[PDB]
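Read the figures in this text as sums done on the coordinates, not as results from a lab. We place every Cβ from the backbone using ideal geometry, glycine too, and count neighbours over all the protein chains shown.
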Amino acid sequence: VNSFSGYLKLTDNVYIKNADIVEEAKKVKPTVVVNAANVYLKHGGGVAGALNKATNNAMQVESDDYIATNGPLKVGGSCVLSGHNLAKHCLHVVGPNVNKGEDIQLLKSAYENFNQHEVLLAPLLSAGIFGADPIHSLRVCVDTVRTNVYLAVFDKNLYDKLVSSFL
Ligand SMILES: Nc1ncnc(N2CCC[C@H](CCC(=O)O)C2)c1Cl
């Protein structure tokens, strides 16, 4: 038993809810919240901008030190940093950004990072401003992640479409 509430169960291990991941994180304090990161950990907009804003920019400060030491992430890759006031840890995962021309097949590699964590609160990778089809992203999530994932979908309309079209 864990503390996530109000989720619809899609599979043995995947759950979904219409929610703002920022508010969901501050209430639950999950062990891991996933950020929809880019390779530079520049948290300007989308999920990343919202999570970073909720940390009062501490996520960005930590991220800039990470990049200065380690260089950029790979598309499809990840790093574990602090969750600040939102979670114990933040798993920064880089899904392909269709609006940059990145290969969509890298979406499966991105979701594989979730398997290193027993339970996660996460957004749909490559959705929103990353330009992928959220229904495809949900399919890849279900077919790739084997650990317990709680997906937060900010937009109520998209949420309804994701549930109603789920196979
Ligand atoms: N076909 C699409 N491709 C990509 N993103 C899409 N949506 C647009 C509305 C907001 C939504 C925000 C992300 C979320 O809901 O967590 C993203 C669509 Cl509809």
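Before moving on, here are some points about what is shown:
- For beta carbons closer than 6 Å, sequence separation of 6+ or different chains, a first residue in the stretch 31-52 that is part of a loop (DSSP other than H, G, I, E, B) and a second that is polar (S, T, N, Q), the qualifying pairs are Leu41/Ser63; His43/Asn52; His43/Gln60.
- Residue check, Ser78 among the hydroxyl-bearing types (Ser, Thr, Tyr), away from the ligand (no atom under 16 Å from the Cβ) and farther than 27 Å from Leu167 by Cβ: yes
- Test for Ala122: is it near the ligand (Cβ under 9 Å from one of its atoms) and either in contact with a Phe, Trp or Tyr (Cβ under 9 Å, 6 or more places away or on another chain) or closer than 21 Å to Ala19 by Cβ (or both): no
- Scope the stretch 140-154; condition over 13 Å from the mean Cα position of the chain (by Cα) and closer than 22 Å to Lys100 by Cβ; matching residues: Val140, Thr144
- For the stretch 135-167, the set of residues classified as surrounded by 22 or more Cβ atoms within 10 Å (Cβ to Cβ) and within 8 Å of the ligand (Cβ to nearest atom) consists of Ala152, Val153, listed by residue number.
- Cβ pairs under 7 Å, 6+ apart, first in the stretch 114-139 and closer than 21 Å to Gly44 by Cα, second more than 8 Å from the ligand (Cβ to nearest atom) and among the acidic types (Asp, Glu): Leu121/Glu24
- Single condition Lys29 does not satisfy, out of (1) loosely packed, with under 14 Cβ neighbours inside 10 Å; (2) on the phi > 0 side of the Ramachandran plot: (1)
- Here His117 meets each of (1) under 23 Å from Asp12 (Cβ atoms); (2) surrounded by fewer than 16 Cβ atoms within 10 Å (Cβ to Cβ) with one exception, condition (2).
- Pair list, Cβ < 7 Å and 6+ apart or interchain, from the stretch 142-165 residues that are farther than 19 Å from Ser3 by Cβ to residues that are of a type in the set (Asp, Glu) and within 12 Å of the ligand (Cβ to nearest atom): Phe154/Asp20
- Taken over the stretch 17-30, the criterion of being free of Cβ contacts under 8 Å to residues at least 60 places away in the same chain and touching a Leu at 6+ places or on another chain (Cβ under 9 Å) is satisfied by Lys29 alone.
- Qualifying residue in the stretch 87-96 (condition: under 25 Å from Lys29 (Cβ atoms), in contact (Cβ under 8 Å) with a residue 40 or more places away in the chain and surrounded by fewer than 19 Cβ atoms within 10 Å (Cβ to Cβ)): yes
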